[PDB]
Amino acid sequence: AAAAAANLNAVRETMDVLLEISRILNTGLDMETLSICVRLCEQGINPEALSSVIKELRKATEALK
Amino acid sequence: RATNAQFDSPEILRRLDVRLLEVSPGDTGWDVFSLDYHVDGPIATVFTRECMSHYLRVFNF
Amino acid sequence: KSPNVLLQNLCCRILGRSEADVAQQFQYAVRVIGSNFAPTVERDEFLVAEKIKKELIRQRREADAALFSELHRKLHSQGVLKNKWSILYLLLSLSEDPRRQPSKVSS
Amino acid sequence: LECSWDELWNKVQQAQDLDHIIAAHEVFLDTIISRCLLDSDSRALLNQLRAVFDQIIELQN
Amino acid sequence: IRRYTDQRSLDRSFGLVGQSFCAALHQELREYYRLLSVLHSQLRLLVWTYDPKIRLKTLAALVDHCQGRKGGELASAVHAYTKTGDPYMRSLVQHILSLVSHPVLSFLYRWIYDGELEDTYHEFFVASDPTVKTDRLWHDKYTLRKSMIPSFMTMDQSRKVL
């Protein structure tokens, strides 16, 4: 709708702020991946589970290269 | 006691303790060693509480 | 959304490959995420902020230790996320020392 | 080190006030942080010196 | 002057210095009751009653000026009148000055010897901060409040006491 798109703006603010914390910690995630992680934190997610899967998937693009 | 630093008074080395230096994102153990001198009581203001942190910052370098 | 397709979006993000060509990683993903989907330890944004302070003090930038306090301030300011500990613990666990990274501009 | 501590020892010895063991300590610290490179101006200089500090540990291999 | 000294001797929140000023005023008004008794017995005598038009002229200024003052700022209005050169007015203001300086200098015996301030109404420059006695009362727990610094003392005097 319209207020359904101004709500996408109020998240678009946050994903600009979360992009800056991502670069000062020198991480490998970018702007596209972080939008998946935010929806996952909406349902509730364990970040001790999310770090071990990313530590495998980043080696999965290097083992099928 | 296995090198000669053992003639210092027991109170001053007793107040010495080890503190862990700031967490590194999986770097060397050289980054996680500190010495911390216990200060509390009346002398906590004389050896100013604000000063001690910067003093440890000097010892890091 | 639906929790099964969201893990399937993640494996198309990190690997460039199609999703009917990778099916081994998506099985290991349900193995780790499944039956541990809720955090097995409690949330605390207090500790993870003080460890993001512990990394920028170790680089000896005390302007960025208060710059990060303004980014964590903006995170509370929007408030569209209810687990502010989760997304930051992730970036903390994935942290490395840049010795650099001066382009901070916020908002 | 010897220069700042010499002055600190002198200033605390002659002083009759505990207050002047807090203005002597403060300037003692302000001196140490300006002689070393941890000050806000000297960061760039320290950031230059870090580039030398990688080069030495590479020697270790 | 009668209205002023009756209200501030039943107002105890004006400090115990406003009531000492009131006590001093009662002493001065007491002597004007001597003269009126002598004058009542004689009953134009213009002359007898003009010399109090010099005294009461001073008295109205003294009272009207010291409105809104307590603590060491009332020691900065009775110190307003130690800046005179007429010995009649200088004698008028002395035996006011001692009474008003007395409670301040009483607190200044528990602050140059052992003791600590305890007053219900602030009349002393120390305006202490409660419960910062954890270990940091060698840092600010005793604020030098400038309004209750007496103006017979100086800054070098008011910092050395603390």
# chains A, B, ... in the order shown; residues from 1 in each chain; ligands from 1

$ interface_residues --of "chain A" --to "chain C" --cutoff "9 Å" --atoms "only C-alpha atoms" --output "JSON, numbers by chain"
{"A": [10, 11, 13, 14, 16, 17, 18, 20, 21, 22, 23, 24, 25, 26, 27, 28, 29, 32, 33, 34, 36, 37, 38, 39, 40, 41, 42, 43, 44, 45, 46, 47, 48, 49, 50, 51, 52, 53, 54, 56, 57, 58, 60, 61, 62]}

$ residues_around --residues "residue 59 of chain E" --least-positions-apart "2" --cutoff "10 Å" --atoms "only C-alpha atoms" --output "MDAnalysis selection string"
chainID E and resid 1 25 28:29 52:57 61:65 89 92:93

$ atom_distance --atom1 "atom CA of residue 46 of chain D" --atom2 "atom CA of residue 59 of chain B"
15.2 Å

$ interface_residues --of "chain B" --to "chain E" --cutoff "10 Å" --atoms "only C-alpha atoms" --output "number ranges by chain"
B: 40-46, 48-49

$ write_last_selection --atoms "C-alpha atoms" --output "PDB file, in the first residue's frame"
ATOM      1  CA  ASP B  40      40.932   0.514  46.852  1.00  0.00           C
ATOM      2  CA  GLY B  41      40.183   2.255  50.135  1.00  0.00           C
ATOM      3  CA  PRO B  42      41.620   5.674  50.945  1.00  0.00           C
ATOM      4  CA  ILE B  43      44.287   5.382  48.246  1.00  0.00           C
ATOM      5  CA  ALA B  44      41.618   4.892  45.545  1.00  0.00           C
ATOM      6  CA  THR B  45      41.325   8.674  45.247  1.00  0.00           C
ATOM      7  CA  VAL B  46      45.029   9.448  45.716  1.00  0.00           C
ATOM      8  CA  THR B  48      42.977   8.412  40.997  1.00  0.00           C
ATOM      9  CA  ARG B  49      40.500   5.895  39.572  1.00  0.00           C
TER      10      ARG B  49
END

$ closest_atom_pairs --of "chain D" --to "chain C" --cutoff "10 Å" --atoms "only C-alpha atoms" --output "Markdown table"
| residue | atom | partner | partner_atom | distance |
| --- | --- | --- | --- | --- |
| D:38 | CA | C:60 | CA | 7.3 |
| D:39 | CA | C:60 | CA | 9.1 |
| D:40 | CA | C:61 | CA | 8.2 |
| D:43 | CA | C:60 | CA | 7.9 |
| D:46 | CA | C:60 | CA | 9.7 |
| D:47 | CA | C:99 | CA | 8.4 |
| D:50 | CA | C:99 | CA | 8.9 |

$ closest_atom_pairs --of "chain B" --to "chain D" --cutoff "8 Å" --atoms "only C-alpha atoms" --output "CSV"
residue,atom,partner,partner_atom,distance
B:46,CA,D:22,CA,6.3
B:47,CA,D:22,CA,7.5
B:48,CA,D:22,CA,7.2
B:51,CA,D:26,CA,7.4
B:54,CA,D:29,CA,8.0
B:55,CA,D:29,CA,7.4
B:58,CA,D:33,CA,7.3

$ residues_around --residues "residue 11 of chain D" --least-positions-apart "3" --cutoff "9 Å" --atoms "only C-alpha atoms" --output "ChimeraX atom specification"
/D:6-8,14-15,20-21,24

$ write_last_selection --atoms "N, CA, C and O atoms" --output "mmCIF file, in the first residue's frame"
data_model
loop_
_atom_site.group_PDB
_atom_site.id
_atom_site.type_symbol
_atom_site.label_atom_id
_atom_site.label_comp_id
_atom_site.auth_asym_id
_atom_site.auth_seq_id
_atom_site.Cartn_x
_atom_site.Cartn_y
_atom_site.Cartn_z
ATOM 1 N N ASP D 6 61.010 11.177 37.825
ATOM 2 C CA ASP D 6 61.876 12.041 38.627
ATOM 3 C C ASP D 6 61.125 13.271 39.129
ATOM 4 O O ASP D 6 61.140 13.582 40.333
ATOM 5 N N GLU D 7 60.410 13.940 38.223
ATOM 6 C CA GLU D 7 59.626 15.116 38.565
ATOM 7 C C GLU D 7 58.478 14.767 39.494
ATOM 8 O O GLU D 7 58.173 15.527 40.416
ATOM 9 N N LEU D 8 57.839 13.615 39.260
ATOM 10 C CA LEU D 8 56.722 13.193 40.100
ATOM 11 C C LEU D 8 57.177 12.915 41.526
ATOM 12 O O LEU D 8 56.521 13.330 42.488
ATOM 13 N N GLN D 14 57.999 17.191 48.052
ATOM 14 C CA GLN D 14 57.980 18.527 48.641
ATOM 15 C C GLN D 14 56.574 18.948 49.058
ATOM 16 O O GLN D 14 56.420 19.833 49.908
ATOM 17 N N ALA D 15 55.541 18.332 48.483
ATOM 18 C CA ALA D 15 54.175 18.762 48.755
ATOM 19 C C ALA D 15 53.718 18.320 50.139
ATOM 20 O O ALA D 15 54.078 17.241 50.618
ATOM 21 N N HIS D 20 47.874 17.829 45.898
ATOM 22 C CA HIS D 20 48.986 18.025 44.979
ATOM 23 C C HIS D 20 49.733 16.731 44.685
ATOM 24 O O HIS D 20 50.818 16.765 44.095
ATOM 25 N N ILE D 21 49.175 15.602 45.105
ATOM 26 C CA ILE D 21 49.491 14.278 44.598
ATOM 27 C C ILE D 21 48.414 13.840 43.602
ATOM 28 O O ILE D 21 48.422 12.720 43.096
ATOM 29 N N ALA D 24 49.976 16.459 40.494
ATOM 30 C CA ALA D 24 51.270 15.996 40.008
ATOM 31 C C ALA D 24 51.137 14.704 39.213
ATOM 32 O O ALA D 24 51.792 14.546 38.172
#

$ closest_atom_pairs --of "chain B" --to "chain C" --cutoff "8 Å" --atoms "only C-alpha atoms" --output "CSV"
residue,atom,partner,partner_atom,distance
B:22,CA,C:54,CA,5.7
B:23,CA,C:54,CA,6.4
B:24,CA,C:55,CA,6.7
B:25,CA,C:96,CA,5.6

$ select_by_dssp --residues "chain B" --states "alpha helix (DSSP H)" --output "count of residues only"
22
